[PDB]
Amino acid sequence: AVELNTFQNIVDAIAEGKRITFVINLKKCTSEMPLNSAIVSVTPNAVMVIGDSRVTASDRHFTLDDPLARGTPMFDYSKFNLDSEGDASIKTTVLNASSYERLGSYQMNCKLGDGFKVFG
C-alpha cells in the first residue's frame, strides 16, 4: 500500500481490488465547529466510484466517547466523499446506538493531498 496521489490513482486502485485507507488531518480541514487537531485513519471494507467523478465510502463507528453524549452508546456514522477535482468532505452523523435517533451532525471539508489523504 502506497499513497494514492491523484483521483485517477484512487479510481484505478479501487478497480484493481485494493483496499483503501483514508487518513484525515483535521487541522488542515475546514469546519463550522472547532475540531481539535487530530489525525484520523479509517479503512472501510467497501467503497464505490460513481460515474468516474466521485469516490464514496462510509463507516459506522461505535463509541462511548462522543462529546454530544459522553458515556452513552452511540454510532458515529461518517460518509466520505471525494470528487474528481480533489474536493473532499466527511459528514459525520451521530446516532443513539439503541434507538437510532439522530443526536447531531457535523461536516468537514478538505482537499486531497492536503488534509485528506488516501492509501492503497
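A residue's number is simply how far along the shown sequence it sits, counting from 1.
**Q** Highest mean C-alpha temperature factor of the two stretches 26-34 and 54-62, which is it?
**A** 26-34 has the higher mean C-alpha B-factor.
**Q** Name the higher of the two by mean Cα B-factor in the PDB entry, 101-109 versus 6-14.
**A** It is 101-109 that shows the higher mean C-alpha B-factor.
**Q** From 72, 81, 92, 43, which pick has the Cα B-factor that tops the rest in the entry?
**A** When the deposited C-alpha B-factors of 72, 81, 92, 43 are compared, 72 is largest.
**Q** Quick one: which of 48, 88, 39, 68 has the biggest Cα B-factor according to the entry?
**A** Spelled out: the listed residue with the top C-alpha B-factor is 68.
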